[PDB]
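Visitor: One structure is given below, represented as structure tokens, and several questions about it will come after.
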Amino acid sequence: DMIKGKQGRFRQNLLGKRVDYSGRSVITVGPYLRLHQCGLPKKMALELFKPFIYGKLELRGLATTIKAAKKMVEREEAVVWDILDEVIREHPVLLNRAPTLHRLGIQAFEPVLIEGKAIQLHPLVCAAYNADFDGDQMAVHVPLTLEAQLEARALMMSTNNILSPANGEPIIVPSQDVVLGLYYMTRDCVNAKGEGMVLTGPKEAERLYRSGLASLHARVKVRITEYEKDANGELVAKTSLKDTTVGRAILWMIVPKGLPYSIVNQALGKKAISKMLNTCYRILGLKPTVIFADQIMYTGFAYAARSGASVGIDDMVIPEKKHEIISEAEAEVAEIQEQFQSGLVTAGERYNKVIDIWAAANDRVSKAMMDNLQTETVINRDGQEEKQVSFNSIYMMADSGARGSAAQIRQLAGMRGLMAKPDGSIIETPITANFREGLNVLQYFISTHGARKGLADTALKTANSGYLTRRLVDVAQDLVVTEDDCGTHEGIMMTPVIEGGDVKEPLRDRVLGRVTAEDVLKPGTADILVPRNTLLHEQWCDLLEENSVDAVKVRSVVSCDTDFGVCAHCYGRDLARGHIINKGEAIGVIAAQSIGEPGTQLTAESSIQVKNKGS
Amino acid sequence: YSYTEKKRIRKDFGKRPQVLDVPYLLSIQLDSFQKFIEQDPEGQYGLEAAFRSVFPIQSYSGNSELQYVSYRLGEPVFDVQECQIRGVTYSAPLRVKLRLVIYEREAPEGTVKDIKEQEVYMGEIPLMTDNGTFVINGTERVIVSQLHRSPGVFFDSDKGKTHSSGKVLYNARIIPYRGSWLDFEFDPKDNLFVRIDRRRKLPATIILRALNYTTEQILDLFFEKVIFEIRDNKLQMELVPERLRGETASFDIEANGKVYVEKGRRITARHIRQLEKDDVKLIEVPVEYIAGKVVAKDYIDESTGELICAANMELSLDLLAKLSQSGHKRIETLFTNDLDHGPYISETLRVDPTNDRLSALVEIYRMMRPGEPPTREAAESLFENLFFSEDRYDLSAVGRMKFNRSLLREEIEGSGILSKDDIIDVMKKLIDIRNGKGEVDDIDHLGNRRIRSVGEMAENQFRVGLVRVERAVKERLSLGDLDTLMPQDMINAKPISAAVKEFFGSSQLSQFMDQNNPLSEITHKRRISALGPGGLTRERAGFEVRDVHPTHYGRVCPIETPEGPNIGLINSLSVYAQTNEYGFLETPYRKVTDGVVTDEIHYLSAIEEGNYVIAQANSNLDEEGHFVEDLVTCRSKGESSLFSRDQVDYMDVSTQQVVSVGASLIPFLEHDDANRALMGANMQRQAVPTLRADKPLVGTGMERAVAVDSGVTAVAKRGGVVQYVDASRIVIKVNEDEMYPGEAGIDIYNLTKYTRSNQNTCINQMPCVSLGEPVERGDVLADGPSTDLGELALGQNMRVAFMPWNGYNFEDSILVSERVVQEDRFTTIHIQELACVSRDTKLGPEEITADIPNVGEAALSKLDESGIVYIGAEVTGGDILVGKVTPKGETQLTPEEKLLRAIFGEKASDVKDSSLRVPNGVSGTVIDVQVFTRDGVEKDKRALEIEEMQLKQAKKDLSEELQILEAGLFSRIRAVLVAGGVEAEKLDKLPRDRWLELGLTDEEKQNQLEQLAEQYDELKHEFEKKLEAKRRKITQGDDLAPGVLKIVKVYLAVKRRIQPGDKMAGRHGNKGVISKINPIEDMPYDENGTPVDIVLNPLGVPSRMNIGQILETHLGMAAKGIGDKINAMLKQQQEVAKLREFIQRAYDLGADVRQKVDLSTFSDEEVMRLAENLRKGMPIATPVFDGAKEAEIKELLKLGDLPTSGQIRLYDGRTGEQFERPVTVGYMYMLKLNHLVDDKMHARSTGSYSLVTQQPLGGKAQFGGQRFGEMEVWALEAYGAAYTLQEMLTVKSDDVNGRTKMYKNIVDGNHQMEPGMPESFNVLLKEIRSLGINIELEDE
DNA sequence: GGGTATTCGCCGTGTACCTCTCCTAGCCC
RNA sequence: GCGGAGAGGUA
DNA sequence: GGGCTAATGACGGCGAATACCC
Ligand SMILES: Nc1ccn([C@@H]2O[C@H](COP(=O)(O)CP(=O)(O)OP(=O)(O)O)[C@@H](O)[C@H]2O)c(=O)n1
Ligand SMILES: [Mg+2]
Ligand SMILES: [Zn+2]
């Protein structure tokens, strides 16, 4: 029993030790931080770095012997804090959040001494940690030796990990306040103060907005100079007059040189911001992406605060035609039930009919509510009127992707759809009331069942996940990239999985970053498109898009010839960094973690119908 | 209204009239334990039942009987408060009257000797407090009710997972309260098997065999016979037409001259009707049809005697021929309809190896006790005691009720023991359901789940103690001599008291009171746990079990349950629900007389609720119990729909009856998603009492019920007038009405000031009332922790604004204004207890003296001469909390050193210090100290001060009571002295003590003076003995554990102010960590200049669909706006008229409300007082589902002269610029949860390491490092981070030489390392090597 | 006897953290 | 006063 | 205090050990 089992041994004491120079505390926002830093309380920092403090104190001669250094730390005089600031300067610390699902659960930051007893965590990284500021706690470790320090600052630092190891996409995308602020900033309005005045650049746009001579969102013609690295790494300024909002100009100030203006020109929601970061990374590189992300955070937070977005009871508009829809559906259900009592339709058929009519009524009310709420601002220009995408705060919260989905908007202002009883069967009468209105005992009770089942599901789901990810990381741990190229010709012919109606997942993403097994030819022989094994980066993928390659044979890890590990080429590039895999990397564990961590949100055919006109 | 209500009335929304008032919320615990003690004649529920169940204890056929008369509960020696103070269990001695009777074996039964024992003592039983808790070692424990499967019979399905080919295999389980379990199950091959409680599966018929039934008797009892007559030739059958339902025809069915069904065509309904109307009984049938049937009885050859065919043997032509030649005219076959009626008992009989009764009992014995050779009488006794022994097998009154109801028997009252008819009926129902004429039961039905409260569980544990002591006494009465011993050497109290204290202290259901909030206590006491003894384990339990069943309606709260791993297994009980007589759950309903909704309420259980169509409470009734709508919304079989007016049997009592108290406290519950309501209630139960609790601006009205019913308030028992008010006691002079005629006196309520609660929070009571105010029975004198004037004030209500403020409220985090810390409104007092124990070692007893070796006089400075800190001294981590000395022995000092010791004064006895020190990093003021000495220990100085402090108070209290009674007696003596010669000049001016020595003319009056003098003497002597008793209790050594000389406890009190990192919450499930303290100027402010207190993130609303906080904020802004207006109108003191008019227009506010506040009472003072209390904002009461609709909030906002939309324009306190799009501001009632960052925060550089595996300790109490778990290891491996992981694995934790070398290297200002091999790995090698496994580290 | 079912029994069931009580026992000298 | 049970709670 | 002695409310998966069916 001592050896076997979780609590006993190997798991507990030989893979699960308990390090020194470590602490724990509650996490807090700290917006002012740089992406590569973290707010650390003074007292924990002193406690952690105690021996460093003693060493530095003795080097400076402030203390004769080690015991005098200890006494000086226990009094905590100004000299001690000065030495702590000096030693902390470049020393990075490791931040960890209790469920380290994937490798981004541990990251290194440079600490900044602060008051208080809570650890301050940079907002952008919360998504990586799955951190929320509602009592989540984090642990903080100190790398001691020089190799450990270099490893923490190089491999684990927040700024070096912007791309998820699972898929190539960015992890640090702005989450909710940032995206709300940016959304507010970029959306335009038909008529405001300063309609249609011409600005020489973003700087006077800011002059106008901060002085209250122009609205934060108002359509305007601005002269802008964008930069494009079209040549071999040189930036060429193109300068012209664009029709934009004040807000879009204000945002443009941050954007680094290489990016096209178009990027900011749109509504700038969650997706738009994410793809903005994506393009910034693909074109410029790491450091500009980091600084640009920090700038995005700051501007988003600032202008979200300036926006003053709130949520009042009237912000969620009951659709005017709800009561009619409900009374109509009730009359229809009454007619179908009476026409059942006479016995022209079975019980199951009546059930199906009622459920379908109720679903249709739910969709009707939802669509009516979305029409009411979506484009209701009928504000007037100089003369006649016009209509536009409303500025209803809950609607902006929905559309921006900051919080909430269409479903929850429905759940607030419409009828909250159908429910499932314990056994999975669907109750005949739905919940017609919404949270803006008040439910009554039955409708509440039903939704209570729903939420209870949900919670229990998440609990058991988490346990099962944990177990699955443990097996995965366990099985694939020893696999390492040992050789540069094994030199095999084998490979798998990879195609895009077109399940039925359309292309669920395209080729380009499926092949990006894989080396080819053999040269593929144009639709005409002796027209080599890709030399023997080449890493298929974005440029090759676009080139394939220009042609009409359908299926590509790529070298896969499973067919790799190398003994006792894998070779760089058979694997490919994909990483938190962009380049071909480096020899030595433990790909087994990264693969297992990437497959395991996301696993916590996992729960007729008569005629064929061609979707697009083709042969 | 009542007086405390007239003080401050709460504006109550809510349209429907409350017919039933909320019951006493703690009814469960008190009523159950009352039922437990309950001296009652007829043995019903109650200790009495246990005694009569276990007693009379008869010898092993020795003819020496033991009889029980009655028991008595001794008066507790220690009251509740003092018992908590002194750290002992609050309990009552239990005394039982017994008789030993010794008879004569050789003569007709006749009592030779009977001796009655003088109420023998059989141990101590803990008592329950007035509030429903238990003091077990000076800690308040609560025994949570337990939900568990009720005794009875249950028919389950267990389908889906049976060989994945369908084959739904049914089972009947008989579960008793006390006794072994019975189980009948099927098998893939439709053979019905029995499995005693949890063993292997035997053929069921063996139990039928054990019951003394012969095979023919069984086949009689179960199968429907079919008769085959032979008349003059060939086999004619008696046929019941209706039996043919659904059967392909196997022969040609001719009747009465006409073929009806051709051979081969399946019998159609037309043919069935034909045959039925024709009245066909007998038809001759071809032998092929019978060529397949089975024989019922064991037909022997009656003539010669040789058996031919046995019972339940398949028939073949040759056997039919033998039967026909033997002369058997009447054949009884079985009816095996492969569709409906199967051959189940037949096939079980075929697999059943046992034949005789004896073989069945042998097989049973080999099942119960495998391996020991069974002897006949052993098996007989085993089987008898299994199901039919009164003592071992008892179902219950409840078990029997459920059993008979399940099998459709009119008789409710049965015998405890399992009778044979019971088993046969159970098997009949099982095979019936197997045919398909019945439904399976669902375990999750509250009609199948029974609640065991405190008294019941205590009774079970006490019975267990009795069975222990009975076996013991049995042996002692058998072996030992009969007539020598008296009835107290024979009976041992040790097992009873052991079992009881084990249950109360160390049990799963006996748990700590969650005692930091009044709500926490009250909700903890009313809890229903599915865990505990005979309960499912939380990890094992499936998700389907933990869901909320429609039966829970109005019985258990659907929304209040811990969201941790045991979600769904806790289920706090709803408001109005009760326990049945049989321990089920029932909820009140209003009767419906066909048209009128009457006012008599009937409590219905789950099953009774199932049958009827029940109308909802929020149904519109006009003036005569008539429904306004023609078709109303009801529920009938667990599904809601519309029913007609003249169909509803009952109607819900009130909207609140669905939810628990915790959930009932949340306002606007109707607008919160169930998830966030759940989390809100669970969190709301964690709030810590602040310094001055005030009130919720937006409540539900339940606050007074919760506060009163919890024991935290001080409530008047006999109404009167407040005579004396102090911040420790309230003394009231009783009203003459309630005044007892004989020996009444006055009522005195001693309050409790800062003491330590289970969670280390402060429990302090403040007086509400003032001198000379009249109080009635049931008013709130003193406010407990976090309650105000009778109302529940869990947290405090502050002005919040929903907006994002430069991402400082980014996630669920919360921003707070420096005004909040300035106004000192989130500062809580906590209280740690520390104990220093001086035991007696064999090298010598340790000492508490202040003379402590090699400590500087700095450490002693704050210690008195006795060695205990002064009360009120401020201490810090590392300061010496109390002084203790460790004895040293075998010193063997050199002779010159001994001479040096004499002059210097050095003590060989000491040289080591065991002094307790304040824990590292905790700093507060010592508010109280207690000292407990055992027998033979001298009282220390501290002991003298504490004894005098308690004594002088006690003296004062006795003196006050005595002085009032003496003044009364003297007044009466003056009233007699005035008769018989008036003397008023001399008398009133001379002292009162000069009234006994005066005289009067010899008459009856002198006789009355002698009477009153002797009464005076009697009062003095009673006073003196009561005083002596109190003084004996104060002085006595407070009994310590064996080996401990004395104990000194020290209480520190610490004022914790809110700071960044602490957790704060609302009532609706919104959470957050306080992220930054902003200066007052930076915080947003409205045009008027008032700054907001909290700036709350809006993005928590849309995805976390708790809209109740928004309406709460709006209504709270409305209430505080009105309150502000009334404060403004009051500061200028216009005139009473204006105030009364305004307050009345506010209290009325529309119509259809059940409020009715006249304001007529006390035209001037009480109205002015009530305005004084509402000036801070008028408290509202929105009930949970019968709440305030938006229009009403709009009206209330308008009455205050505030924007009707509930949003205001705000100016940025930092920049001064306006925010676009006005933002919601208003007052919301927020709570500070017990998760305080300073408790959570922790760091270590180096410290103590663990014993076996030399890794650093885990924890916060001891320094302790964080756990770098396997997931973190994997994280590091995903990177190429080899050196970091290496140091983390060896240098940071496990390598001893490595860690010290690294410390030295770091100190030297160099950063390298020397990893070595972890010590835990070496421990691993040693542990594996300890097995027979050689594991060596090789080298080459 | 040899292959196929069936019972049978063992093995597993997420991380990190924070409070409290309770800890060898019974009988005899 | 290193440990381990039981109970509760946090994310 | 000290001295002496020593029951019942998981579930799935898998592989080995009989039960039995030709
Ligand atoms: N039994 C449990 C329950 C919770 N957790 C942890 O609490 C978090 C759940 O986030 P979550 O996604 O469930 C809620 P949140 O992240 O705040 O977003 P939302 O409120 O807008 O929906 C995860 O980090 C879990 O590891 C756990 O380890 N075990
Ligand atoms: Mg969180
Ligand atoms: Zn390869």
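We name chains A, B, ... following the order of the structure tokens; residues begin at 1 in each chain, and ligands are numbered from 1 as shown.
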Once you count only C-alpha atoms (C1' of nucleotides) and all ligand atoms, which residues end up within 6 Å of ligand 2, and could you hand them over as a list in words?

Guide: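 Within the 6 Å cut-off, the matching residues are residues 132, 133, 134, 135 and 136 of chain A; 11 of chain D.
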
Visitor: Save the residues we just selected, C-alpha atoms (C1' of nucleotides), as a PDB file, in the first residue's frame?

Guide:
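Listed below is the output, part_38.pdb:
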ATOM      1  CA  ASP A 132     -10.430  33.766 -12.983  1.00  0.00           C
ATOM      2  CA  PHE A 133     -10.318  36.414 -10.264  1.00  0.00           C
ATOM      3  CA  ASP A 134     -12.947  34.880  -7.986  1.00  0.00           C
ATOM      4  CA  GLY A 135     -10.693  33.344  -5.377  1.00  0.00           C
ATOM      5  CA  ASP A 136      -8.441  31.294  -7.648  1.00  0.00           C
TER       6      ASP A 136
ATOM      7  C1'   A D  11     -10.690  26.800  -7.509  1.00  0.00           C
TER       8        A D  11
END

Visitor: Can you pull out every residue with an atom within 7 Å of ligand 3? Use only C-alpha atoms (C1' of nucleotides) and all ligand atoms and format it as a PyMOL selection string.

Guide: chain A and resi 485-488+557+560-562+566-570

Visitor: Produce a file of the selected residues containing N, CA and C atoms, as a PDB file, in the first residue's frame.

Guide:
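Produced file out-v8.pdb, reproduced below:
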ATOM      1  N   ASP A 485      16.759  13.652 -39.460  1.00  0.00           N
ATOM      2  CA  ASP A 485      15.987  13.097 -40.568  1.00  0.00           C
ATOM      3  C   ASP A 485      16.344  11.625 -40.682  1.00  0.00           C
ATOM      4  N   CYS A 486      15.340  10.750 -40.616  1.00  0.00           N
ATOM      5  CA  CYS A 486      15.613   9.326 -40.772  1.00  0.00           C
ATOM      6  C   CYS A 486      15.799   8.939 -42.233  1.00  0.00           C
ATOM      7  N   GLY A 487      15.175   9.666 -43.156  1.00  0.00           N
ATOM      8  CA  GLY A 487      15.358   9.392 -44.565  1.00  0.00           C
ATOM      9  C   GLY A 487      14.465   8.324 -45.148  1.00  0.00           C
ATOM     10  N   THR A 488      13.277   8.124 -44.591  1.00  0.00           N
ATOM     11  CA  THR A 488      12.346   7.144 -45.122  1.00  0.00           C
ATOM     12  C   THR A 488      11.470   7.801 -46.182  1.00  0.00           C
ATOM     13  N   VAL A 557       4.569  10.907 -38.113  1.00  0.00           N
ATOM     14  CA  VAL A 557       5.378  10.358 -37.030  1.00  0.00           C
ATOM     15  C   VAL A 557       5.189   8.852 -36.907  1.00  0.00           C
ATOM     16  N   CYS A 560       7.517   6.913 -39.038  1.00  0.00           N
ATOM     17  CA  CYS A 560       8.918   7.313 -38.961  1.00  0.00           C
ATOM     18  C   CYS A 560       9.818   6.109 -38.712  1.00  0.00           C
ATOM     19  N   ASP A 561      10.991   6.131 -39.342  1.00  0.00           N
ATOM     20  CA  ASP A 561      11.916   5.006 -39.338  1.00  0.00           C
ATOM     21  C   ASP A 561      12.889   5.032 -38.164  1.00  0.00           C
ATOM     22  N   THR A 562      13.029   6.164 -37.472  1.00  0.00           N
ATOM     23  CA  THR A 562      14.075   6.293 -36.463  1.00  0.00           C
ATOM     24  C   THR A 562      13.856   5.305 -35.324  1.00  0.00           C
ATOM     25  N   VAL A 566      11.924   9.760 -32.524  1.00  0.00           N
ATOM     26  CA  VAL A 566      11.435  10.208 -33.817  1.00  0.00           C
ATOM     27  C   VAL A 566      12.466  11.179 -34.372  1.00  0.00           C
ATOM     28  N   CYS A 567      12.362  11.449 -35.666  1.00  0.00           N
ATOM     29  CA  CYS A 567      13.207  12.425 -36.328  1.00  0.00           C
ATOM     30  C   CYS A 567      12.425  13.707 -36.572  1.00  0.00           C
ATOM     31  N   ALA A 568      13.153  14.822 -36.546  1.00  0.00           N
ATOM     32  CA  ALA A 568      12.558  16.141 -36.731  1.00  0.00           C
ATOM     33  C   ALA A 568      11.640  16.201 -37.947  1.00  0.00           C
ATOM     34  N   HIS A 569      12.104  15.712 -39.100  1.00  0.00           N
ATOM     35  CA  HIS A 569      11.315  15.861 -40.320  1.00  0.00           C
ATOM     36  C   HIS A 569       9.985  15.119 -40.241  1.00  0.00           C
ATOM     37  N   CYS A 570       9.994  13.849 -39.818  1.00  0.00           N
ATOM     38  CA  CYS A 570       8.736  13.102 -39.774  1.00  0.00           C
ATOM     39  C   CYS A 570       7.684  13.796 -38.918  1.00  0.00           C
TER      40      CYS A 570
END

Visitor: With a distance cut-off of 12 Å and only C-alpha atoms (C1' of nucleotides), select the neighbouring residues of residue 2 in chain D, excluding the residue or stretch itself and same-chain residues fewer than 6 positions from it, and output the selection as a ChimeraX atom specification.

Guide: /B:1248-1258,1262

Visitor: I need the contact residues of chain A against chain C, so if you could list those with any atom within 9 Å, counting only C-alpha atoms (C1' of nucleotides), and return them as a list in words, that would help.

Guide: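 Result: residues 24, 97, 98, 99, 100, 101, 137, 138, 139, 462, 463, 464, 465, 466, 467, 469 and 470 of chain A.
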
Visitor: Can I get the selection written as a compact mmCIF listing (two decimals), in the first residue's frame, with N, CA and C atoms?

Guide:
# COMPACT_ATOMS: atom_id res chain seq x y z
N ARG A 24 2.25 30.56 -2.13
CA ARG A 24 0.89 30.45 -2.65
C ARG A 24 0.11 31.67 -2.20
N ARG A 97 -0.92 27.51 -11.62
CA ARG A 97 -2.30 27.54 -11.17
C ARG A 97 -2.77 26.10 -11.01
N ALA A 98 -3.49 25.84 -9.92
CA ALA A 98 -3.69 24.52 -9.33
C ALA A 98 -3.88 23.41 -10.36
N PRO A 99 -4.87 23.49 -11.29
CA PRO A 99 -4.93 22.44 -12.33
C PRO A 99 -4.04 22.67 -13.56
N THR A 100 -2.77 22.30 -13.47
CA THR A 100 -1.89 22.54 -14.61
C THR A 100 -2.26 21.58 -15.73
N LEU A 101 -3.23 21.97 -16.55
CA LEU A 101 -3.75 21.08 -17.57
C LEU A 101 -2.72 20.86 -18.67
N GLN A 137 -6.33 30.60 -6.68
CA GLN A 137 -5.02 30.82 -6.09
C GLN A 137 -3.94 30.30 -7.02
N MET A 138 -2.73 30.80 -6.82
CA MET A 138 -1.59 30.38 -7.61
C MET A 138 -0.38 30.20 -6.71
N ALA A 139 0.49 29.30 -7.14
CA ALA A 139 1.74 29.00 -6.48
C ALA A 139 2.89 29.63 -7.24
N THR A 462 -14.68 16.14 -15.09
CA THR A 462 -13.33 16.52 -14.68
C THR A 462 -12.55 15.32 -14.18
N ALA A 463 -13.18 14.50 -13.33
CA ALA A 463 -12.48 13.31 -12.84
C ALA A 463 -12.03 12.42 -14.00
N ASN A 464 -12.94 12.16 -14.94
CA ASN A 464 -12.62 11.29 -16.07
C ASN A 464 -11.53 11.91 -16.93
N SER A 465 -11.63 13.21 -17.17
CA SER A 465 -10.61 13.92 -17.93
C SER A 465 -9.24 13.70 -17.30
N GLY A 466 -9.07 14.16 -16.06
CA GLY A 466 -7.84 13.95 -15.32
C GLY A 466 -7.25 12.57 -15.50
N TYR A 467 -8.11 11.55 -15.39
CA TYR A 467 -7.61 10.18 -15.55
C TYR A 467 -7.09 9.95 -16.98
N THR A 469 -6.04 12.16 -19.27
CA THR A 469 -4.82 12.92 -19.55
C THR A 469 -3.63 12.30 -18.83
N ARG A 470 -3.86 11.73 -17.65
CA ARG A 470 -2.78 11.06 -16.95
C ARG A 470 -2.27 9.88 -17.77

Visitor: Please find the residues of chain B near chain C - the criterion being any atom within 8 Å, counting only C-alpha atoms (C1' of nucleotides) - and write them as a ChimeraX atom specification.

Guide: /B:505-506,512,758-759,1240,1267,1269,1271

Visitor: Hey, list the chain B side of the contact with chain E: 12 Å cut-off, only C-alpha atoms (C1' of nucleotides), answer as a ChimeraX atom specification.

Guide: /B:147-149,161,173-183,195-199,443-444,449,530-543,545-546,569,840-842,1041-1044

Visitor: Running DSSP on the backbone, which parts of range 821-1027 of chain B land in strand (DSSP E), as a list in words?

Guide: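 Of range 821-1027 of chain B, the ones in strand (DSSP E) are residues 828, 829, 830, 831, 832, 833, 834, 835, 836, 837, 838, 839, 840, 841, 844, 845, 885, 886, 912, 913, 925, 926, 927, 928, 929, 930, 931, 932 and 933 of chain B.
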
Visitor: Just write the chosen residues, C-alpha atoms, as a CSV table (one decimal), in the first residue's frame.

Guide:
chain,number,residue,atom,x,y,z
B,828,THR,CA,-14.1,41.5,11.4
B,829,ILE,CA,-12.9,40.3,14.7
B,830,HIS,CA,-11.5,36.8,14.9
B,831,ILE,CA,-10.4,34.9,17.9
B,832,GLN,CA,-7.8,32.1,18.2
B,833,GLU,CA,-7.6,29.8,21.2
B,834,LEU,CA,-4.2,28.4,22.3
B,835,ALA,CA,-3.7,25.8,24.9
B,836,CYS,CA,-0.6,24.9,27.0
B,837,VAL,CA,-0.9,21.7,28.9
B,838,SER,CA,1.3,20.7,31.9
B,839,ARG,CA,1.1,17.0,32.4
B,840,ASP,CA,2.9,14.7,34.9
B,841,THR,CA,5.9,12.9,33.4
B,844,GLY,CA,8.9,14.9,37.2
B,845,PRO,CA,5.9,17.1,36.6
B,885,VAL,CA,9.5,24.5,32.1
B,886,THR,CA,10.6,21.0,31.0
B,912,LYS,CA,15.0,23.2,29.1
B,913,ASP,CA,11.9,25.3,28.2
B,925,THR,CA,-4.5,41.1,21.9
B,926,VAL,CA,-5.0,38.6,24.7
B,927,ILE,CA,-8.7,39.2,25.6
B,928,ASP,CA,-9.2,36.2,28.0
B,929,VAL,CA,-7.3,33.5,29.9
B,930,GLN,CA,-8.6,30.4,31.6
B,931,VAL,CA,-6.8,27.9,33.9
B,932,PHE,CA,-8.0,24.3,34.7
B,933,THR,CA,-6.3,22.4,37.5

Visitor: When you get a sec, could you note down which chain D residues fall within 9 Å of chain B, using only C-alpha atoms (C1' of nucleotides), as number ranges by chain?

Guide: D: 2, 6-10

Visitor: Write out as a list in words each polymer residue whose atoms come within 10 Å of residue 317 in chain A, counting only C-alpha atoms (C1' of nucleotides); drop sequence neighbours fewer than 4 positions from it.

Guide: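 Near neighbours after the sequence-gap exclusion: residues 313, 369, 370, 372, 373, 392, 394, 412, 413, 414 and 436 of chain A.
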
Visitor: Please save C-alpha atoms of the selected residues as a CSV table (one decimal), in the first residue's frame.

Guide:
chain,number,residue,atom,x,y,z
A,313,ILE,CA,-33.1,46.2,-16.3
A,369,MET,CA,-36.4,39.6,-29.9
A,370,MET,CA,-33.2,39.8,-32.0
A,372,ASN,CA,-36.2,44.3,-31.6
A,373,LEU,CA,-32.9,44.4,-29.8
A,392,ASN,CA,-27.6,48.4,-26.4
A,394,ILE,CA,-26.1,43.8,-23.5
A,412,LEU,CA,-32.5,36.8,-20.8
A,413,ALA,CA,-35.1,38.5,-23.0
A,414,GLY,CA,-37.0,35.7,-24.9
A,436,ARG,CA,-36.1,39.9,-16.9

Visitor: So how many Å separate CA of residue 678 in chain B and CA of residue 560 in chain B, to one decimal?

Guide: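 Atom-to-atom, CA of residue 678 in chain B to CA of residue 560 in chain B, that is 5.1 Å.
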
Visitor: Could you tell me, as a PyMOL selection string, which residues of range 350-539 of chain B DSSP assigns to alpha helix (DSSP H) when given the backbone?

Guide: chain B and resi 350-351+357-368+376-387+397-406+420-435+454-479+494-505+518-525

Visitor: Calculated over only C-alpha atoms and all ligand atoms, which of the candidates A:167, A:176, A:606, A:352 has the smallest distance to ligand 1?

Guide: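 Comparing A:167, A:176, A:606, A:352 against ligand 1, the winner is A:176.
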
Visitor: Show me, as JSON, numbers by chain, the residues that have an atom within 10 Å of residue 291 in chain A when counting only C-alpha atoms (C1' of nucleotides), minus same-chain residues fewer than 3 positions from it.

Guide: {"A": [34, 35, 159, 254, 255, 256, 286, 287, 288, 294, 295, 296, 297]}

Visitor: Please list as a list in words every residue within 9 Å of residue 517 in chain B, counting only C-alpha atoms (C1' of nucleotides) and excluding residues in the same chain fewer than 6 positions away.

Guide: residues 685, 686, 687, 688, 689, 761, 785, 786 and 794 of chain B

Visitor: Hey, can you check how far CA of residue 89 in chain B sits from CA of residue 1023 in chain B?

Guide: 28.2 Å

Visitor: Can I get the residues of chain B within 9 Å of ligand 1, each with the closest pair of atoms and their distance in Å to one decimal, using only C-alpha atoms and all ligand atoms, sorted chain first then ascending number, as a tab-separated table?

Guide:
residue	atom	partner	partner_atom_place_in_ligand_line	distance
B:563	CA	ligand 1	1 (N)	7.3
B:564	CA	ligand 1	1 (N)	5.6
B:565	CA	ligand 1	1 (N)	5.9
B:811	CA	ligand 1	17 (O)	8.6
B:812	CA	ligand 1	17 (O)	8.0
B:1100	CA	ligand 1	21 (O)	7.5
B:1103	CA	ligand 1	21 (O)	6.1
B:1104	CA	ligand 1	21 (O)	6.3
